[PDB]
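First to last, the sequence lines map onto chains A and B. When the count follows the UniProt record's numbering, it moves up by one through the first sequence with no breaks and lands on 457 for the last residue. When the count follows the UniProt record's numbering, it moves up by one through the second sequence with no breaks and lands on 220 for the last residue.
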Amino acid sequence: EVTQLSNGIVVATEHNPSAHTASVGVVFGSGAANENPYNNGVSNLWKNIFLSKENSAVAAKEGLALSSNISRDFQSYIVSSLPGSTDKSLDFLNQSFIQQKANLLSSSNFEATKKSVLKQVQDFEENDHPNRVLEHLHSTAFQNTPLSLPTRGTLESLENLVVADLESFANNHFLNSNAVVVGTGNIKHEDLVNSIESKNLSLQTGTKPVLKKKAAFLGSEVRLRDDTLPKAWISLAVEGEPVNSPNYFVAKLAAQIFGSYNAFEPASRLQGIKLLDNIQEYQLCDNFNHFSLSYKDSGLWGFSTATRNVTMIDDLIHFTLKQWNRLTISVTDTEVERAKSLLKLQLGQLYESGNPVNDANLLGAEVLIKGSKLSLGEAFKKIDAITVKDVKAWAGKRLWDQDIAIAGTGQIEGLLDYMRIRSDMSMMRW
Amino acid sequence: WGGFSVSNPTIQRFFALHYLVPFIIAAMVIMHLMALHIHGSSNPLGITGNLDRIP
Ligand code: HEM
Numbered sequence: 028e029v030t031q032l033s034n035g036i037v038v039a040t041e042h043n044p045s046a047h048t049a050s051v052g053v054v055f056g057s058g059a060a061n062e063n064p065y066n067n068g069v070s071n072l073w074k075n076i077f078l079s080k081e082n083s084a085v086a087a088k089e090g091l092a093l094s095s096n097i098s099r100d101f102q103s104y105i106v107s108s109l110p111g112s113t114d115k116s117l118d119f120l121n122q123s124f125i126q127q128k129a130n131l132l133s134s135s136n137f138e139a140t141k142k143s144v145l146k147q148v149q150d151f152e153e154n155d156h157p158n159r160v161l162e163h164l165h166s167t168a169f170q171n172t173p174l175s176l177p178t179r180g181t182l183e184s185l186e187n188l189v190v191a192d193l194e195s196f197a198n199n200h201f202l203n204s205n206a207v208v209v210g211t212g213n214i215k216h217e218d219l220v221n222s223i224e225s226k227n228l229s230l231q232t233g234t235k236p237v238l239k240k241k242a243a244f245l246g247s248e249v250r251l252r253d254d255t256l257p258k259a260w261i262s263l264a265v266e267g268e269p270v271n272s273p274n275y276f277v278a279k280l281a282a283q284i285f286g287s288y289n290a291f292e293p294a295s296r297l298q299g300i301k302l303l304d305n306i307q308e309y310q311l312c313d314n315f316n317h318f319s320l321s322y323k324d325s326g327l328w329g330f331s332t333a334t335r336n337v338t339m340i341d342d343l344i345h346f347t348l349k350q351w352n353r354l355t356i357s358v359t360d361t362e363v364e365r366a367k368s369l370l371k372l373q374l375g376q377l378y379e380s381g382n383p384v385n386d387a388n389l390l391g392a393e394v395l396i397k398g399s400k401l402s403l404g405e406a407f408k409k410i411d412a413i414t415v416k417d418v419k420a421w422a423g424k425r426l427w428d429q430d431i432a433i434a435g436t437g438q439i440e441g442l443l444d445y446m447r448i449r450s451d452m453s454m455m456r457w
Numbered sequence: 166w167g168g169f170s171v172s173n174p175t176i177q178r179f180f181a182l183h184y185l186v187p188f189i190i191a192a193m194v195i196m197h198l199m200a201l202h203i204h205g206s207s208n209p210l211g212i213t214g215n216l217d218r219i220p
C-alpha cells in the first residue's frame, strides 16, 4: 500500500515486508529544465558532489549506499541500507546534504569534481552515439525552451561554473515546497513519520522561481554526419502525451504494439510484430525500439534505430512509417489483445522489481505531480478497458500528418531530406 | 530531288522523312541522358558537387 501524509514535508511510503533492504530519499521537483544555457550542467555537478569520494566514504563507513539521479523534471538523492538502520540514513541525509554545504564546496573538491565531470561529458559526446542522438533529438525538438537542455551539461558551459553558481542554485531550488521525502522497502510509514518528527528536517522557506516560457515542440532536424564511424544511428519522434493526460496508457500501448527488435537474437525474429515481415528479407537494420516518454509539459512518441546497411536507410524509414500509418485506419483486435498483456508484463516488471531504488525514484517522481500514487490493480483495468476505437482516436490525433523531429549521426548520407520523410506520415491512398 | 528539280517527288518524300527524324531525335535523347547519368550535371561554381546533393 502507498501512504502519503502532507504533515511537514510531503512524506510518501510504500511498504514491502518481503524485502531485505530499505531506501530513504529526497526527490526535488527541479531538474535540467530549471537551468539555463549559461549554468547548464549545475545539476550534474551537484550530483557528482554528493557522489564525491569523501562524502561517499563517510557514508559507506556507516554501511550506507548513495544514489543520485538527474532528469528533466526531478532530482533524486537516495540513501539505501539494511532494514534495521533506516534511521541512520535520515541522519546522514540531514548532516551532509541539507544542513551544511561548505565542506562539499571547498576549492580542491570543486576543482577535482569539475575535472572529472568534464572528462565524463567529453567521453560521452564522442563515444556514445545512440544516447547522444536522443539528447540531440530532445535539444532540437524543444529548442529555445527549458526542456531541451541536456541533463549532463555542455562542455563549453561546464567550464564557466564556479561555486557561486552551485550555491545560488541550491538557494533557489532546494526548498520545502519543492521536496518529497520517500520511503521504500522494509519500513513502516508510521515509523518514518515519527523519525522525521523527532528531528527538525526543515529544508528552506519556499517560493522557487517560476519559468516564464512553457515547453513547446518545433518540427526540425539536426544532422551530425561523421564518415569515420561504421554505422548510422537515427532517432525519430513526434509530440506525445504529458504526465496526467487521459491518453497516457493508450500512448504506452500504441508504443508496445511495435515493440523492439534485435536481429541477432533468434527468438525476437518470430515475434507477432508484422513490421519484421518487411525488414527481415534484406537485413535493413540491426536493432530498433519504440518509446513513449512523458514529461510535465509535453512528451515524445517515436522510435530509435541502428543499422550497417548504409545504402538502404530510406527503405527502413519508409516501412516503419507505413506501419505507423496502419494504426489510424486498420488496426486489428488481435494486435490490441496481444498489446494489453505485453504491456501488463512490461509495466509489471517495472513497478515490481526487487531493487527498491527504482521504486523510490518512481514514487517520488509520481507524488510530485499527481499528488497520489496509482495502484497496480487500477492500472490494469484502464489497460484492459482500451479498445480499437480508442487507439484509432488517439492515432488520428497524435501522428497522422504531424510534424516530426529527427536526429542522426554516422554515415547518414543515405538519410534523405526532411520533407521526403515528412510526407510519409500519410498514405494518400485513403 | 528525286528528279530534275523540286516537284512532287520531293515534297512527298520530305514529309515521310519529317515523320521519321523526331523518332531518331527521341532515340538520341535517350542516348543523351545515358551519358548524362554516368557523371551527373555540373554546377555554376565549376567545382565538385558530390559534397551536397538533394533528391
Ligand atoms: C531535345 C533536345 C535536348 C534535350 C531534351 C536535352 C536534355 C538535357 C537534359 C535534361 C540535361 C540535364 C539537365 C541540364 O543540364 O539542364 C542536359 C544536359 C546537357 N545537354 Fe542537353 N538536351 C537536348 C539537346 C542538347 C543539345 C542540342 C546540346 C548541345 C548542342 C546539349 C548539350 C547538353 C550539355 C552540355 C549538357 C550538360 C549540361 C550540364 O551538365 O551542365 N543538349 N540535356
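We put the beta carbon where it would ideally sit given N, CA and C, even for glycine.
Nearest to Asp411/A by alpha-carbon distance, out of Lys240/A, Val363/A and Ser107/A, is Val363/A. Cβ neighbours of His317/A within its own chain (closer than 6 Å, five residues either side excluded): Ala282, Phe285 and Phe330.
Going by DSSP, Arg449/A is part of the alpha helix (DSSP H) stretching over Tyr445 to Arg449.
Out of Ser107/A, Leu78/A, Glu194/A and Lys409/A, the CA that lies nearest to the CA of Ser143/A is found in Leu78/A. DSSP places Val270/A in no alpha helix (DSSP H); its state is neither H nor E. Looking from the CA of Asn208/B, the closest CA among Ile190/B, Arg218/B and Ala200/B belongs to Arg218/B.
Assignment of beta strand (DSSP E) within the stretch 213 to 293 of chain A, counting only whole runs of 3 or more residues, yields 247 to 252 and 259 to 266 in chain order.
For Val186/B, the shortest C-beta to heavy atom distance toward ligand 1 is 8 Å or greater.
Closest in C-alpha terms to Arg179/A, from the list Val54/A, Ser195/A, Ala60/A and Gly404/A, comes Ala60/A. Comparing alpha-carbon positions, the option among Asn205/A, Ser175/A and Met452/A lying closest to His345/A turns out to be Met452/A. The three-state secondary structure of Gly299/A, taken from DSSP, is coil.
Where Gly211/B is concerned, there is no enclosing beta strand (DSSP E), because DSSP gives it neither an H nor an E. Of the heavy atoms belonging to ligand 1, none sits nearer than 8 Å to the Cβ of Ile203/B.
As the crow flies, the alpha-carbon of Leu302/A is around 17 Å from that of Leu369/A. Scanning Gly90/A, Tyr65/A and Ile105/A for the CA closest to the CA of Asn382/A turns up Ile105/A.
Under the three-state reduction of DSSP, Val160/A is assigned to helix. With a cut-off of 8 Å on Cβ pairs, the stretch 395 to 403 of chain A is not in contact with the stretch 122 to 135 of chain A, counting fewer than three such pairs. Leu374/A and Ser262/A have their alpha carbons spaced roughly 24 Å apart. If the five residues before and after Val249/A are omitted, its C-beta is found closer than 6 Å to the C-beta atoms of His163, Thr167 and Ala434, all from its own chain and listed in chain order. By the Cβ test, the stretch 88 to 99 of chain A is not in contact with the stretch 145 to 160 of chain A, since fewer than three Cβ pairs between them sit closer than 8 Å. DSSP places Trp421/A in no beta strand (DSSP E) but in the uninterrupted alpha helix (DSSP H) bounded by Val415 to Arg425. For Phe151/A, there is no enclosing beta strand (DSSP E); the residue is found in the alpha helix (DSSP H) stretching over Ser134 to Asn154. The secondary-structure analysis by DSSP pairs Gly329/A across a beta bridge with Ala264/A and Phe318/A. Between ligand 1 and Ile189/B, a heavy atom-to-CB distance of less than 8 Å is absent. CA-to-CA, the gap between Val38/A and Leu230/A works out to about 14 Å. Measuring C-alpha to C-alpha distances from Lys279/A to each of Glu292/A, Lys371/A and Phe169/A identifies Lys371/A as the nearest. For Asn75/A, no beta strand (DSSP E) segment is defined; the enclosing uninterrupted segment is the alpha helix (DSSP H) at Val69 to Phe77. Residue environment analysis places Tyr65/A among the exposed positions, since fewer than 16 neighbouring C-beta atoms fall within 10 angstroms of its C-beta. Separation of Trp427/A and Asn71/A (C-alpha to C-alpha, rounded to the nearest whole angstrom) is 38 Å.
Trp457/A counts as exposed, since fewer than 16 other beta carbons sit within 10 angstroms of its beta carbon.
At least 9 Å separates the beta-carbon of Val208/A from that of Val29/A. Segment contact: the stretch 43 to 52 of chain A against the stretch 103 to 118 of chain A, three or more CB-CB distances shorter than 8 Å; contact assigned. For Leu219/A, the CB contacts under 6 Å within the same chain, skipping 5 residues up- and downstream, are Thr40 and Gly210 in chain order. Using a cutoff of 8 Å, the CB of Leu210/B does not count as near ligand 1, since none of the ligand's heavy atoms is closer than that.
Between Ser325/A and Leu174/A, the C-beta gap is smaller than 9 Å, which places the two residues in contact. Bounds of the beta strand (DSSP E) holding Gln31/A are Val29 to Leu32.
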